[PDB]
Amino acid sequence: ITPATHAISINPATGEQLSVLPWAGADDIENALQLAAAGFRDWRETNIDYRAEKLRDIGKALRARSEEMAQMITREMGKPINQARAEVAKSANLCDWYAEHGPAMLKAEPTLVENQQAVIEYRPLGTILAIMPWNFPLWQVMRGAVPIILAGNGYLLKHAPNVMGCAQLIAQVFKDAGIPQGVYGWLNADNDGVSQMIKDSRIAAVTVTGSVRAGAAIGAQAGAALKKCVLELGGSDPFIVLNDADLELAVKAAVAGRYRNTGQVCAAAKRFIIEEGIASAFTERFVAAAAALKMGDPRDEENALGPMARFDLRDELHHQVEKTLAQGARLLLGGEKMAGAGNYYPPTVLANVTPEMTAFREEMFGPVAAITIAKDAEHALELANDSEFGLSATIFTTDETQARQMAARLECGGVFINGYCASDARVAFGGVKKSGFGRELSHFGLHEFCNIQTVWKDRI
């Protein structure tokens, strides 16, 4: 059993092999595409209010399996159990939210054409192929699947190969809810299987959450096949603290933003950009708060951090730490792989990080904070924008006039002023630059995979 023939689940806290699953064969892929096509054909004809009711059924079936799902998330990728439980609750609440607010967003639009001759309709597009990651194994699927299916599309999940136990449980939830065959489906396809599906006429569009490299590989294939794609490819979000900040609130938001989900968050606070006058006080408070975080067995609710999800990615992250230290940064906390069977990396703080260093230019997808000193607010904006990424950003300053101006100039898709960054059904999510393009949640996640259709009567 090698990762060249199988999807493999390993518990990152213990090292034990949980499950293996061979890649989908040519028959498996063809069967899934046939059922997706048949399911979409029938699903697109359903009434919107019936689909809204089915979303609520998904929410009930998810809550009914809430602890089983949370434990599967924790077991396969190491997330603290209360964060996994929160992920389940957030995902079930998303079902109910789109059931209530989604239908109105799909109503026909009036136009300025005289005599009400023309309207805009939001029609289903087809089956959307979804390529998803391990860090929120449930929420990442539901964030797209819920509005996509509400809009009359089908959804075909290609999940990360280390969370196929989560993928099977999600399928069971959709089965429990009575979602027809082919409307929600999933496949353990290897990269070639994905390539084959992108080229297949029964896949209408593609959505990807993952690495920049995956986004570039899949986006190129989608474009070559004339398939629209949405790409969410991670981030290196700046977290700016100016001299007049509420320092106690800023440190709390800084610690939560960097170290939630053991740092494995696309929109984690990854680059702390601190104005010079407050930098010493921020750094000392931040290091002390990070050092008080309890880490260990993620089934134990006293622990705020678990192990990292993937052994090879802990090696990558530690290598990023070593290079950054070799480049001249200072190690203030952590910075060594923990011995033992678990994939643990301690909360880590690097300081004296300059724009040329590895921890400033690459996504640090684990519990490693990078602290950079800014000379003033204009330098802080320049440092914040000096990134290939552009997902989200935080600004802490009590000057509301300065905050709003920096938001208008921050090169990212979401700006949080004096608060905690998060994704939320009620607001758009997604970024710019190498973080990708397209928007999820609110009405944006509904409409991205609609056929927006002008219907015009009696144009004579």
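The first residue of the shown sequence is 1; numbering continues from there.
S.K.: Quick one: say whether 227 to 235 or 374 to 382 has the higher mean Cα B-factor in the deposited entry.
M.R.: The recorded data point to 374 to 382.
S.K.: Which of the two stretches, 345 to 353 or 201 to 209, shows the higher mean Cα temperature factor in the record?
M.R.: Stretch with the higher mean C-alpha B-factor: 345 to 353.
S.K.: Among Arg143, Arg299, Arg258, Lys158, where is the Cα temperature factor highest, going by the PDB entry?
M.R.: Comparing C-alpha B-factors across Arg143, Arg299, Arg258, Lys158, the top value belongs to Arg299.
S.K.: For the C-alpha B-factor as written in the entry, point me to the maximum among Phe136, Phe311, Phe272, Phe365.
M.R.: In the PDB entry, the greatest C-alpha B-factor among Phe136, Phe311, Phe272, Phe365 is found at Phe311.
S.K.: Taking the chain's C-alpha temperature factors as the reference, tell me which third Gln168 falls into: lowest, middle or highest.
M.R.: Its C-alpha B-factor, which the entry lists for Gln168, ranks in the middle third among residues of this chain.
S.K.: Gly431: which third of its chain by C-alpha temperature factor?
M.R.: Answer is lowest: the recorded C-alpha B-factor places it there.
S.K.: C-alpha B factor of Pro180, ranked within the chain: lowest, middle or highest third?
M.R.: Tercile = highest for this residue's CA B-factor.
S.K.: For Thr283, does the deposited CA B-factor place it in the lowest, middle or highest third of the chain?
M.R.: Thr283: CA B-factor falls in the middle third of its chain.
S.K.: Lowest, middle or highest third: where is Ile395 by Cα B-factor in its chain?
M.R.: It belongs to the lowest third of the chain when residues are ordered by C-alpha B-factor.
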